[PDB]
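Coming up is one lone chain in structure tokens, specifically the form deposited without the ligand.
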């Protein structure tokens, strides 16, 4: 038998954190890939040393060659540029994603592929097209991270555990994201009940929705250098762990729609069930007219960037 193999295309701050989480949870062999010579090998050696502290024998390897991803069960991609907005990175990152997709096809076409590079929803479509993989084995991490911030902001206000706060963000990653305050619950209890009983005001929720939208930039401005990576990494590994352990987790991810929400042949953020065979079910929310309008606006931005890529051959 063989252990599960997890390849991380991109060994930066998010990639390194994901590798450490894989090591700590014993998810499988970890391969850190990067175009920067020797840098992934250094992090991999550091990580291997840490396995002694954790009392595991996880194998972590660094590499500058795509052939070492051969046989990967999961592939997570952070390659690209990350520093007008994210959407303007389309041309540069689309070409990096196509190269990555070509190598997935050649070396690990059975992999479950999780994309993080932005503009996320368009990069997912580029990767699927270039790799030739089933649509249900390629997806993007955005909604889990956006939802983790939404949940945390709500939980801290109500002073309950984030575990007991359910909250979802759908649509495209970026300022057109659509948080769903109407669906927020505390262990199933509508958040509306906590407004009535005085735990939180409608205005406070309104502000939390906007803080979720701008949370990425809030961290960039505080850090001074770089972007968030602890929550992004943890969100991607939660998706990967749901696949590798067939957990059947309900998670908002960027996935392929074929009629749901009135969207045809497009990757967009929606609640899905992730399990042993990839994206196994798309949950189609009963959106109100106003919510569907916000969601539809999100889709148009994505569909326009596709056409902007369309006419760039």
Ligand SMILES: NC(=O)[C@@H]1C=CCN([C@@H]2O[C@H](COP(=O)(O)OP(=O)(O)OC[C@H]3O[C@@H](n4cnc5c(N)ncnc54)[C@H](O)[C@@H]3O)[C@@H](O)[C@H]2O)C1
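Residues that one form lacks are left out of the comparison. Note that the rigid core is defined as the largest set of C-alphas that superpose within 1.5 Å between two forms. Residue numbers count along the first chain shown, from 1.
- Per the record, residue 83 and residue 84 are separated by a gap of 4 to 9 residues from the deposited sequence that were not modelled.
- Stretch comparison (62-70 versus 45-53) by mean CA B-factor in the PDB entry places 62-70 on top.
- Stretches compared: 219-227, 232-240. Higher mean C-alpha B-factor in the entry: 219-227.
- In this structure the maximum Cα B-factor among 113, 165, 200, 145 is found at 200.
- Among all modelled residues in its chain, residue 9 ranks in the middle third by Cα B-factor.
- Among the modelled residues of its chain, residue 284 has a C-alpha B-factor that falls in the highest third, as given in the PDB entry.
- Split the chain's modelled residues into thirds by C-alpha temperature factor. Residue 207 is in the highest one.
- Residue 173: CA B factor in the highest third of modelled residues in this chain (values from the PDB entry).
- Ranked against the other modelled residues of its chain, the C-alpha B-factor of residue 34 as given in the entry falls in the lowest third.
Only in words, not in the display: the form deposited with the ligand bound, which the text now covers.
- Out of the listed residues 131, 78, 212, 72, 78 is the one that sits within 4.5 Å of the ligand in the deposited bound form by at least one heavy atom.
- Annotated contact segment (heavy atom within 4.5 Å of the ligand in the deposited bound form): 7-15, selected among 298-306, 285-293, 20-28, 7-15.
- Mapping the unseen interface onto this chain, residue 147 falls outside it, with no heavy atom inside 4.5 Å of the ligand in the deposited bound form.
- Contact annotation: residue 125 falls outside 4.5 Å of the ligand in the deposited bound form, judged by heavy atom distances.
- By the criterion of a heavy atom within 4.5 Å, residue 181 is excluded from the residues contacting the ligand in the deposited bound form.
- Of the heavy atoms in residue 172, none are within 4.5 Å of the ligand in the deposited bound form.
- In sequence order, 116, 117, 118, 120 are the residues of 110-129 having a heavy atom within 4.5 Å of the ligand in the deposited bound form; the partner itself is omitted from this view.
- Taking only residues common to both forms and fitting on the rigid core, the CA shifts of 2 Å or more between this form and the one not shown cluster into runs of 3 or more residues at 87-89, 310-313.
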